[PDB]
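Participant: Below is a structure I'd like to ask you about.
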Amino acid sequence: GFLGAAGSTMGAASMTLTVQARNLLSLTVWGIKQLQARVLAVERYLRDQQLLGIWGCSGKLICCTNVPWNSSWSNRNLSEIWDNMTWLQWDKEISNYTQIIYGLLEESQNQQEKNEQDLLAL
Amino acid sequence: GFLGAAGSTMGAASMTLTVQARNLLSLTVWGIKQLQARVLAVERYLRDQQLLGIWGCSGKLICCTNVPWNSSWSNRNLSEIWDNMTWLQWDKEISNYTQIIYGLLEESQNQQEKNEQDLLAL
Amino acid sequence: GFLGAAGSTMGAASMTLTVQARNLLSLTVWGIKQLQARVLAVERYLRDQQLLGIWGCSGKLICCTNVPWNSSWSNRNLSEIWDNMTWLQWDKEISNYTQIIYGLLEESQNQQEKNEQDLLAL
Amino acid sequence: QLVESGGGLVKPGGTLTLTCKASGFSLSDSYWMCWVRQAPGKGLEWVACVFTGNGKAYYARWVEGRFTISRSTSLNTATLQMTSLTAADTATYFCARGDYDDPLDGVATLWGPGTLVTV
Amino acid sequence: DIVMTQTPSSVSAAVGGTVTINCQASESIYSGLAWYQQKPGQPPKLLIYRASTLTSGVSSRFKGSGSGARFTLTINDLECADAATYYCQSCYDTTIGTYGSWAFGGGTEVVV
Amino acid sequence: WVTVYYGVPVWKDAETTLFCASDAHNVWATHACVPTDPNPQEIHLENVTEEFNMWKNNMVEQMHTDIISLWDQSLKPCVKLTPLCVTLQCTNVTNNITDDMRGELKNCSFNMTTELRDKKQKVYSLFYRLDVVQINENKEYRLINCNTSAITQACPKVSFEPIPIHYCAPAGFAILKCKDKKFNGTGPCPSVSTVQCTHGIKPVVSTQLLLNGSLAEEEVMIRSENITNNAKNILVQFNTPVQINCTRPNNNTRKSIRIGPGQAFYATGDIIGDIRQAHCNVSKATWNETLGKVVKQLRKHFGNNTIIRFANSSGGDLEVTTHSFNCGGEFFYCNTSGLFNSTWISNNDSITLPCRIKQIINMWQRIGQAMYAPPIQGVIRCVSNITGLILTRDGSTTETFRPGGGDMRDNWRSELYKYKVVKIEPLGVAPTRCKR
Ligand SMILES: *[C@@H]1O[C@H](CO)[C@@H](O[C@@H]2O[C@H](CO)[C@@H](O[C@@H]3O[C@H](CO)[C@@H](O)[C@H](O[C@H]4O[C@H](CO)[C@@H](O)[C@H](O)[C@@H]4O)[C@@H]3O)[C@H](O)[C@H]2NC(C)=O)[C@H](O)[C@H]1NC(C)=O
Ligand SMILES: *[C@@H]1O[C@H](CO)[C@@H](O[C@@H]2O[C@H](CO)[C@@H](O)[C@H](O)[C@H]2NC(C)=O)[C@H](O)[C@H]1NC(C)=O
Ligand SMILES: *[C@@H]1O[C@H](CO)[C@@H](O[C@@H]2O[C@H](CO)[C@@H](O)[C@H](O)[C@H]2NC(C)=O)[C@H](O)[C@H]1NC(C)=O
Ligand SMILES: *[C@@H]1O[C@H](CO)[C@@H](O[C@@H]2O[C@H](CO)[C@@H](O)[C@H](O)[C@H]2NC(C)=O)[C@H](O)[C@H]1NC(C)=O
Ligand SMILES: *[C@@H]1O[C@H](CO)[C@@H](O[C@@H]2O[C@H](CO)[C@@H](O)[C@H](O)[C@H]2NC(C)=O)[C@H](O)[C@H]1NC(C)=O
Ligand SMILES: *[C@@H]1O[C@H](CO)[C@@H](O[C@@H]2O[C@H](CO)[C@@H](O)[C@H](O)[C@H]2NC(C)=O)[C@H](O)[C@H]1NC(C)=O
Ligand SMILES: *[C@@H]1O[C@H](CO)[C@@H](O)[C@H](O)[C@H]1NC(C)=O
Ligand SMILES: *[C@@H]1O[C@H](CO)[C@@H](O)[C@H](O)[C@H]1NC(C)=O
Ligand SMILES: *[C@@H]1O[C@H](CO)[C@@H](O)[C@H](O)[C@H]1NC(C)=O
Ligand SMILES: *[C@@H]1O[C@H](CO)[C@@H](O)[C@H](O)[C@H]1NC(C)=O
Ligand SMILES: *[C@@H]1O[C@H](CO)[C@@H](O)[C@H](O)[C@H]1NC(C)=O
Ligand SMILES: *[C@@H]1O[C@H](CO)[C@@H](O)[C@H](O)[C@H]1NC(C)=O
Ligand SMILES: *[C@@H]1O[C@H](CO)[C@@H](O)[C@H](O)[C@H]1NC(C)=O
Ligand SMILES: *[C@@H]1O[C@H](CO)[C@@H](O)[C@H](O)[C@H]1NC(C)=O
Ligand SMILES: *[C@@H]1O[C@H](CO)[C@@H](O)[C@H](O)[C@H]1NC(C)=O
Ligand SMILES: *[C@@H]1O[C@H](CO)[C@@H](O)[C@H](O)[C@H]1NC(C)=O
Ligand SMILES: *[C@@H]1O[C@H](CO)[C@@H](O)[C@H](O)[C@H]1NC(C)=O
Ligand SMILES: *[C@@H]1O[C@H](CO)[C@@H](O)[C@H](O)[C@H]1NC(C)=O
């Protein structure tokens with residue numbers, strides 16, 4: 001079920017991640033409307049994929065990064081977050097740090113790629 | 001030649017795979033028709049790329065998976081399939097197992113990514 | 001700044017590569033025009049991504065290849081190219097070898113993937 | 001049923017036209033009139049074909065414009081015009097009739113004794 | 001544009017018994033093959049057409065088969081019937097779509 | 001074990017939208033097409049056969065639809081002639097007119113509207129007999145379509161020349177083509193190659209004879225969905241052209257009448273010189289040889305000693321009983337009986353076909369949209385290549401064939417019979433010995 005994991009805890013829900021991923025691409029009245037909708041759906045898909053590319057998480061549903069958790073974002077324990085909370089609740093808890101985390105992920109990836117080139121040039 | 005390998009055997013044809021890949025993206029009568037065609041061509045491209053992403057074969061023309069061949073799908077020998085048969089013939093031979101194989105590939109990739117996270121968390 | 005690195009040398013400019021990457025996706029008069037523009041912007045994005053895929057550089061801003069520099073393309077020193085020249089100047093210096101390099105990159109990647117399969121089959 | 005003529009010696013760089021007359025059948029029907037040549041040493045190769053029902057013709061790749069094949073149903077003959085001839089073109093030339101129907105389609109069933117061209 | 005390769009170039013036998021001649025097309029010709037027998041002094045005679053059908057100017061002694069791009073000719077009993085050069089001919093050029101473009105391989109000399 | 005391969009060279013039958021291309025005021029707006037490739041490629045597929053069926057080819061349907069829609073768009077900005085649905089007071093033209101042409105032209109006069117709403121003007125013009133009907137059973141007449149449809153004047157600046165277009169596949173698709181010189185429209189095709197775009201095809205409209213298409217390369221070809229079924233058409237493709245020369249030997253004048261602000265009607269003015277009948281000439285010897293070739297091939301389906309007879313068309317409207325065409329901008333309806341008058345038994349000169357001309361045209365056999373063809377000044381002469389026929393069986397040792405008309409689709413499936421559209425399906429899997 002497409003949103004079937006909505007009531008699951010975070011540590012339970014993140015095992016069925018492909019279910020949602022597979023459903024993101026799926027001149028008269030009801031004519032021009034479909035053409036416009038199709039184009040916008042494509043743009044949304046690509047923006048999310050570009051971010052995974054930039055952060056170094058392309059091709060993965062789950063990726064580890066090398067960016068530290070800064071605590072002030074959320075000072076909850078891992079056993080509390082993963083076992084006693086759902087993704088809807090979590091999304092609300094840290095919604096205002098979204099842009100902070102994304103900026104940190106982008107810079108980290110740029111530093112990593114530059115360092116890999118220095119090693120391949122050695 | 002775009003379909004030049006059509007008469008080649010499978011083990012001969014799968015060396016020129018980029019030839020076809022490079023040709024997949026390439027309000028009046030003959031006006032609105034082109035806009036509609038362009039959008040649909042993009043959607044087709046993306047659906048195939050999403051599947052390679054899901055199965056863990058993104059960025060590759062040839063990828064090995066860890067899913068076993070179940071024999072009943074086709075009980076032919078490797079020396080028969082790769083040397084004495086073309087891709088058109090093969091596609092007909094196993095056309096009805098397409099959905100089985102894809103489901104197996106998807107589950108395998110989800111298990112692999114979860115296990116990699118457990119190791120990176122160690 | 002989106003083109004802020006335009007006046008920087010090549011070795012200075014290629015540290016802010018995500019700045020430009022993030023800005024590539026971003027029936028009446030001013031109606032149909034936007035729909036047509038959006039579709040074409042998507043096609044341009046995808047053609048560049050497909051080439052990085054084909055050459056084995058998907059997901060990277062900087063990638064090393066295994067294709068040699070043939071000298072005749074440009075016989076300048078690395079200390080001259082990276083420190084005393086901008087990307088606009090460089091693009092002019094080797095503009096006519098673009099198609100040569102791309103053809104070489106494509107063949108190299110096909111050979112590499114075939115060899116990896118032979119090893120995984122061992 | 002096929003009678004050839006026009007053989008002989010060509011001074012190098014010159015020309016020669018060969019003919020092949022049908023007897024006992026009409027070229028007005030759907031047949032292929034083709035020429036082949038047999039080199040000294042017995043190598044055998046195709047030179048050209050013309051469809052008598054239309055005048056359409058095909059040539060061997062090695063011809064490169066030096067040979068012209070044509071037919072005339074009013075004479076009930078077919079000819080081959082050769083130019084820019086050299087020593088390498090020495091061969092016995094033969095005409096043969098191929099069928100255009102389902103059995104024997106493209107098959108040369110009627111062959112005339114050939115004629116020698118030297119250069 | 002169809003190239004036929006014929007082998008062996010020289011085939012021999014004791015008097016009595018069989019020999020074979022093989023012929024390989026550079027491309028499938030979908031069985032559009034004819035076999036000819038050329039004795040010294042004459043044009044080639046047609047023995048077999050469309051890979052395996054006889055012209056009735058030849059007995060059952062000459063048999064053959066094949067498909068696609070690969071064919072063979074078998075002479076079942078050699079009674080010094082000939083000292084012919086046998087030739088493999090393509091009667092269909094798949095690159096053109098016609099029966100107006102022929103190709104011959106080199107021939108095979110049969111000695112007995 | 002499972003290896004996934006991307007870029008696998010396989011395909012499936014498919015139906016998609018094709019776009020046009022053109023090698024560069026035309027009625028078909030060919031300037032709206034994508035510029036063509038000056039040197040298009042064709043790839044031979046070695047060892048590949050494919051199954052084709054020209055009777056189920058949807059490329060025909062798209063061509064049909066594009067042509068009609070373009071035609072209609074071209075008339076959108078043109079002046080309407082509804083003010084002409086008036087009672088015409090009308091008499092015959094008798095000045096220096098050739099017998100058997102006498103009664104074809106009429107001199108009609110009427111009260112037409114003008115630039116100002118308060119004024120009327122008396123005008124007169126010439127009409128062909130086929131465009132009017134008598135109402136007062138001088139006599140009162142009306143234009144033939146005033147009780148059924150609107151009449152739109154074709155814009156005088158728009159050309160009807162059948163400039164060819166090429167159809168091209170979109171990304172992800174390919175067009176397969178037969179090369180087999182004897183292909184009869186269905187079944188396996190031993191030699192196949194691929195193109196991105198078709199050859200240029202001219203949108204020529206005709207009925208009984210096909211006037212400017214492709215010729216067979218070798219043998220005369222007879223193609224039909226069934227042959228056996230008397231309800232089906234037989235398309236016969238010639239392997240040599242037959243030359244036909246048509247003329248309208250009347251030097252005409254043209255005048256415009258203002259009918260309202262910004263609008264004018266083009267009327268036939270008068271005739272300079274004598275009045276003569278329009279006609280077409282077909283070389284006699286060529287026609288005779290051409291039929292002999294057709295008969296030899298028709299007999300293959302009917303029997304070795306079967307007699308084949310040709311006869312002319314059945315009765316009905318000119319649009320279905322005559323040979324019609326648009327040439328020089330005029331619409332001709334020619335009598336073809338002189339071409340189909342013979343019996344073929346087992347074992348310089350010319351044929352003159354008289355023709356009629358109409359100005360009010362129901363172009364696509366639709367009802368409600370009538371086009372008015374403005375007259376053309378001067379004299380018209382046309383030369384064309386007859387490339388084929390549309391025949392039907394008139395259905396015990398004699399077969400009779402008659403020419404006939406047909407759907408517009410049958411004039412296009414005759415060029416598109418060699419092409420098929422397929423889609424490319426690049427993913428596939430196969431067993432290998434590798435594992436991640
Ligand atoms: C079958 O193919 C043949 C050959 O292509 C085709 O014949 C051609 O028809 C056109 C139109 O009738 C001829 O073009 C005209 O030639 C006269 C010669 O003086 C010109 O004056 C014409 O120009 C005037 O009319 C144009 C109409 O749009 C105006 O745009 C222009 O400004 C002028 O007013 C015009 O060029 C053409 O010459 C012949 N070709 C030959 C070789 O005669 C034939 O019609 C096709 N058959 C069918 C049924 O379509
Ligand atoms: C909705 O909430 C209930 C509990 O609040 C979830 O029940 C759990 O179901 C799993 C299934 O194996 C059990 O192991 C757990 O022990 C159950 N919880 C408790 C407290 O016993 C239920 O699964 C939730 N629904 C979803 C979609 O997650
Ligand atoms: C079409 O089929 C023929 C044979 O059926 C293929 O011929 C092979 O060509 C390669 C080229 O080096 C040879 O090494 C093989 O030995 C040939 N086959 C045989 C049986 O000798 C031909 O290549 C095929 N066409 C395509 C596109 O693969
Ligand atoms: C424009 O050019 C000037 C010099 O031509 C660049 O100046 C350099 O700025 C860096 C900044 O730390 C200094 O370290 C260099 O020493 C400066 N150059 C010199 C010659 O001293 C300036 O940065 C350039 N602008 C851009 C966008 O690169
Ligand atoms: C419009 O007027 C025409 C002309 O009178 C009608 O066509 C005639 O219909 C009768 C009906 O039996 C036929 O016998 C005549 O031969 C027809 N005339 C022509 C010239 O074909 C037509 O039916 C009228 N349309 C409508 C809708 O009533
Ligand atoms: C087409 O032309 C033919 C002859 O040119 C016309 O045939 C004549 O038709 C009348 C009708 O009764 C016959 O009495 C004549 O004997 C016919 N002549 C010949 C030579 O057969 C035919 O009517 C014309 N068709 C049309 C629709 O006008
Ligand atoms: C006009 O045509 C009709 C048609 O029958 C004819 O009866 C009448 O006499 C003609 N009038 C003239 C002036 O020729
Ligand atoms: C039509 O009638 C007018 C009346 O004067 C005459 O001038 C004109 O020449 C006539 N036209 C024809 C073609 O008879
Ligand atoms: C124009 O209208 C007048 C009004 O009486 C009428 O007499 C005349 O005949 C009409 N003219 C034509 C040509 O219809
Ligand atoms: C076309 O040729 C095929 C070849 O087998 C034949 O089966 C088919 O019936 C032919 N078409 C017609 C209409 O006869
Ligand atoms: C038309 O073709 C079908 C093909 O199976 C055939 O069965 C049918 O009998 C044909 N029509 C006639 C009248 O033979
Ligand atoms: C048709 O042939 C007749 C024979 O006299 C000739 O007068 C006429 O001009 C020809 N028509 C054409 C279009 O050439
Ligand atoms: C058409 O006109 C050309 C002009 O040279 C002439 O040669 C040809 O014979 C004519 N065709 C007919 C059918 O009269
Ligand atoms: C063709 O010409 C020959 C000459 O004698 C004649 O017998 C035959 O009936 C002619 N055929 C036609 C269709 O005119
Ligand atoms: C066909 O010829 C006959 C000959 O009497 C004629 O009666 C018939 O009307 C003609 N058909 C057409 C459409 O003219
Ligand atoms: C058909 O042939 C007969 C034979 O006498 C002839 O009288 C008749 O006029 C011809 N019909 C046409 C339309 O030429
Ligand atoms: C028609 O007559 C006018 C009168 O001057 C003349 O100039 C024109 O050339 C003529 N047209 C033809 C085709 O003879
Ligand atoms: C008629 O066919 C001949 C054949 O070569 C061609 O040259 C000529 O242009 C064709 N005429 C038309 C109008 O297509």
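So you can find residues: chains in the structure tokens are A, B, ... in the order shown, residues in each start at 1, and ligands are numbered from 1 in order.
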Taking only C-alpha atoms and all ligand atoms into account, which residues have an atom no farther than 7 Å from ligand 6? I'd like them as a list in words.
Facilitator: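 My answer, listing the contacting residues, is residues 335, 336, 337 and 338 of chain F.
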Participant: Would you name the residues within 12 Å of ligand 8, counting only C-alpha atoms and all ligand atoms, and put them as number ranges by chain?
Facilitator: F: 89-97, 102-110, 122-128, 138, 250-253, 268-275
Participant: For residue 26 (chain E), work out the shell of residues within 10 Å, counting only C-alpha atoms and skipping chain neighbours fewer than 5 positions away, then give it as number ranges by chain.
Facilitator: E: 1-5, 69-70; F: 46
Participant: For a test of reading the model, state the distance in Å between CA of residue 38 (chain C) and CA of residue 43 (chain A), rounded to one decimal.
Facilitator: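 That distance, rounded to one decimal, is 8.6 Å.
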Participant: Within 7 Å of chain F, which residues of chain B show up when using only C-alpha atoms, listed as a PyMOL selection string?
Facilitator: chain B and resi 1+3-7+17-18+20-21+23-26+29-30+34+37+41+61-69+87-88
Participant: For the selection you just gave me, I'd like the residues written to a file as a CSV table (one decimal), in the first residue's frame, keeping C-alpha atoms.
Facilitator:
```csv
chain,number,residue,atom,x,y,z
B,1,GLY,CA,23.7,1.5,-36.7
B,3,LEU,CA,19.4,-1.6,-34.6
B,4,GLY,CA,22.4,-3.0,-36.3
B,5,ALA,CA,23.0,-5.6,-33.6
B,6,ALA,CA,19.5,-7.0,-34.1
B,7,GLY,CA,20.8,-10.0,-36.1
B,17,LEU,CA,24.7,-1.3,-25.9
B,18,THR,CA,25.5,2.5,-25.9
B,20,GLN,CA,20.8,2.3,-28.5
B,21,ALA,CA,21.1,4.2,-25.2
B,23,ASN,CA,19.2,7.4,-29.1
B,24,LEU,CA,16.5,7.3,-26.4
B,25,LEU,CA,16.5,11.0,-25.6
B,26,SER,CA,17.5,12.4,-29.0
B,29,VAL,CA,-1.3,20.6,-36.8
B,30,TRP,CA,2.4,19.5,-36.4
B,34,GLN,CA,5.5,17.7,-31.1
B,37,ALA,CA,5.4,13.6,-28.1
B,41,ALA,CA,9.5,10.4,-24.6
B,61,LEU,CA,24.9,-1.0,-19.1
B,62,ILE,CA,25.7,-4.4,-17.6
B,63,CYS,CA,25.2,-5.2,-14.0
B,64,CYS,CA,25.4,-8.4,-12.0
B,65,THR,CA,22.8,-9.0,-9.3
B,66,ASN,CA,22.7,-11.5,-6.6
B,67,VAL,CA,19.4,-13.1,-7.6
B,68,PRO,CA,19.6,-16.8,-8.7
B,69,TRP,CA,18.3,-18.1,-11.9
B,87,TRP,CA,18.1,-11.0,-28.2
B,88,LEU,CA,14.9,-11.0,-30.1
```
Participant: Which polymer residues have any atom within 10 Å of an atom of residue 10 (chain D), counting only C-alpha atoms, with same-chain residues fewer than 2 positions away left out, as a PDB file with C-alpha atoms, in the first residue's frame?
Facilitator:
```
ATOM      1  CA  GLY D   7      33.777 -11.851 -78.998  1.00  0.00           C
ATOM      2  CA  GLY D   8      37.343 -11.141 -80.159  1.00  0.00           C
ATOM      3  CA  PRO D  12      43.758  -2.358 -74.152  1.00  0.00           C
ATOM      4  CA  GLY D  13      41.886   0.821 -73.338  1.00  0.00           C
ATOM      5  CA  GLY D  14      39.278  -0.008 -76.005  1.00  0.00           C
ATOM      6  CA  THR D  15      35.696  -1.247 -76.045  1.00  0.00           C
ATOM      7  CA  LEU D  16      33.689  -4.292 -77.065  1.00  0.00           C
ATOM      8  CA  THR D  83      34.494  -0.027 -71.953  1.00  0.00           C
ATOM      9  CA  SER D  84      37.964   0.875 -70.748  1.00  0.00           C
ATOM     10  CA  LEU D  85      38.982  -2.771 -71.070  1.00  0.00           C
ATOM     11  CA  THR D  86      42.195  -4.245 -69.782  1.00  0.00           C
ATOM     12  CA  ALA D  87      44.079  -7.540 -69.713  1.00  0.00           C
ATOM     13  CA  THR D  90      40.014 -11.505 -70.295  1.00  0.00           C
ATOM     14  CA  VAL D 117      37.020 -11.774 -75.053  1.00  0.00           C
ATOM     15  CA  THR D 118      40.705 -11.044 -74.754  1.00  0.00           C
ATOM     16  CA  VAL D 119      42.284  -7.677 -74.367  1.00  0.00           C
TER      17      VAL D 119
END
```
Participant: Looking at only C-alpha atoms, which of D:81, D:115, D:23, D:92 is the one that sits closest to residue 43 (chain D)?
Facilitator: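 Under the stated criterion, the closest residue is D:92.
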Participant: List all protein, DNA and RNA residues that have any atom at most 10 Å from ligand 16, counting only C-alpha atoms and all ligand atoms, and write the list as a count of residues only.
Facilitator: 14
Participant: Please provide the set of residues having any atom within 9 Å of region 72-78 of chain D, restricted to only C-alpha atoms, with same-chain residues fewer than 4 positions apart removed, written as a PyMOL selection string.
Facilitator: chain D and resi 18-23+25-28+33-34+50+52+55+95
Participant: Would you output that residue set with N, CA, C and O atoms, as a PDB file, in the first residue's frame?
Facilitator:
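Ended up saving to selection33.pdb:
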```
ATOM      1  N   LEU D  18      29.075  -7.169 -76.466  1.00  0.00           N
ATOM      2  CA  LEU D  18      28.635  -8.546 -76.617  1.00  0.00           C
ATOM      3  C   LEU D  18      27.153  -8.612 -76.782  1.00  0.00           C
ATOM      4  O   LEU D  18      26.403  -7.830 -76.184  1.00  0.00           O
ATOM      5  N   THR D  19      26.712  -9.600 -77.533  1.00  0.00           N
ATOM      6  CA  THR D  19      25.291  -9.781 -77.714  1.00  0.00           C
ATOM      7  C   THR D  19      24.874 -11.202 -77.367  1.00  0.00           C
ATOM      8  O   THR D  19      25.667 -12.145 -77.455  1.00  0.00           O
ATOM      9  N   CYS D  20      23.596 -11.356 -77.043  1.00  0.00           N
ATOM     10  CA  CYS D  20      22.969 -12.634 -76.748  1.00  0.00           C
ATOM     11  C   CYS D  20      21.539 -12.666 -77.261  1.00  0.00           C
ATOM     12  O   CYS D  20      20.679 -11.910 -76.798  1.00  0.00           O
ATOM     13  N   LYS D  21      21.298 -13.487 -78.274  1.00  0.00           N
ATOM     14  CA  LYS D  21      19.987 -13.576 -78.891  1.00  0.00           C
ATOM     15  C   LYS D  21      19.150 -14.701 -78.332  1.00  0.00           C
ATOM     16  O   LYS D  21      19.637 -15.822 -78.147  1.00  0.00           O
ATOM     17  N   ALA D  22      17.885 -14.406 -78.046  1.00  0.00           N
ATOM     18  CA  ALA D  22      16.971 -15.426 -77.588  1.00  0.00           C
ATOM     19  C   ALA D  22      16.369 -16.128 -78.781  1.00  0.00           C
ATOM     20  O   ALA D  22      15.928 -15.476 -79.730  1.00  0.00           O
ATOM     21  N   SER D  23      16.230 -17.434 -78.692  1.00  0.00           N
ATOM     22  CA  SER D  23      15.556 -18.184 -79.724  1.00  0.00           C
ATOM     23  C   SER D  23      14.690 -19.248 -79.098  1.00  0.00           C
ATOM     24  O   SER D  23      15.135 -20.005 -78.247  1.00  0.00           O
ATOM     25  N   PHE D  25      11.972 -18.509 -77.339  1.00  0.00           N
ATOM     26  CA  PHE D  25      11.202 -17.895 -76.274  1.00  0.00           C
ATOM     27  C   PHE D  25      11.242 -16.391 -76.471  1.00  0.00           C
ATOM     28  O   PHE D  25      12.086 -15.888 -77.216  1.00  0.00           O
ATOM     29  N   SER D  26      10.324 -15.679 -75.837  1.00  0.00           N
ATOM     30  CA  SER D  26      10.314 -14.228 -75.930  1.00  0.00           C
ATOM     31  C   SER D  26      10.869 -13.536 -74.710  1.00  0.00           C
ATOM     32  O   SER D  26      10.530 -13.891 -73.580  1.00  0.00           O
ATOM     33  N   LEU D  27      11.623 -12.465 -74.933  1.00  0.00           N
ATOM     34  CA  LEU D  27      12.156 -11.665 -73.838  1.00  0.00           C
ATOM     35  C   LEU D  27      11.100 -10.718 -73.330  1.00  0.00           C
ATOM     36  O   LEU D  27      11.299 -10.032 -72.332  1.00  0.00           O
ATOM     37  N   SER D  28       9.954 -10.684 -73.996  1.00  0.00           N
ATOM     38  CA  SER D  28       8.869  -9.827 -73.575  1.00  0.00           C
ATOM     39  C   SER D  28       8.227 -10.343 -72.286  1.00  0.00           C
ATOM     40  O   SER D  28       7.457  -9.623 -71.647  1.00  0.00           O
ATOM     41  N   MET D  33      17.865 -11.406 -67.672  1.00  0.00           N
ATOM     42  CA  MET D  33      18.969 -11.672 -68.581  1.00  0.00           C
ATOM     43  C   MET D  33      20.245 -11.246 -67.913  1.00  0.00           C
ATOM     44  O   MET D  33      20.443 -10.064 -67.620  1.00  0.00           O
ATOM     45  N   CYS D  34      21.097 -12.212 -67.618  1.00  0.00           N
ATOM     46  CA  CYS D  34      22.303 -11.900 -66.874  1.00  0.00           C
ATOM     47  C   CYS D  34      23.558 -12.351 -67.581  1.00  0.00           C
ATOM     48  O   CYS D  34      23.545 -13.309 -68.358  1.00  0.00           O
ATOM     49  N   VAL D  50      19.738  -7.673 -66.112  1.00  0.00           N
ATOM     50  CA  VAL D  50      18.648  -6.779 -66.490  1.00  0.00           C
ATOM     51  C   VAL D  50      17.308  -7.518 -66.500  1.00  0.00           C
ATOM     52  O   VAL D  50      17.218  -8.655 -66.973  1.00  0.00           O
ATOM     53  N   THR D  52      13.835  -8.094 -68.057  1.00  0.00           N
ATOM     54  CA  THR D  52      13.340  -7.689 -69.360  1.00  0.00           C
ATOM     55  C   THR D  52      11.978  -7.037 -69.303  1.00  0.00           C
ATOM     56  O   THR D  52      11.656  -6.183 -70.134  1.00  0.00           O
ATOM     57  N   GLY D  55      13.559  -3.180 -67.829  1.00  0.00           N
ATOM     58  CA  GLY D  55      14.818  -2.545 -68.191  1.00  0.00           C
ATOM     59  C   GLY D  55      15.664  -2.187 -66.969  1.00  0.00           C
ATOM     60  O   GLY D  55      16.703  -1.539 -67.086  1.00  0.00           O
ATOM     61  N   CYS D  95      25.998 -15.621 -71.323  1.00  0.00           N
ATOM     62  CA  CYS D  95      24.698 -15.084 -70.965  1.00  0.00           C
ATOM     63  C   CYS D  95      23.852 -16.234 -70.468  1.00  0.00           C
ATOM     64  O   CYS D  95      23.985 -17.378 -70.938  1.00  0.00           O
TER      65      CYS D  95
END
```
Participant: Can you pull out every residue within 9 Å of region 219-231 of chain F, counting only C-alpha atoms, but drop anything in the same chain fewer than 2 positions away, and send it as a PyMOL selection string?
Facilitator: (chain D and resi 30+51+53-54) or (chain F and resi 54-55+181-186+215-217+233-240+293-294+297-298+301+392-395)
Participant: What does the list of residues within 7 Å of ligand 13 look like if you count only C-alpha atoms and all ligand atoms, written as a list in words?
Facilitator: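 What falls inside 7 Å of ligand 13 is residues 243, 244, 245, 281, 282, 283, 350 and 383 of chain F.
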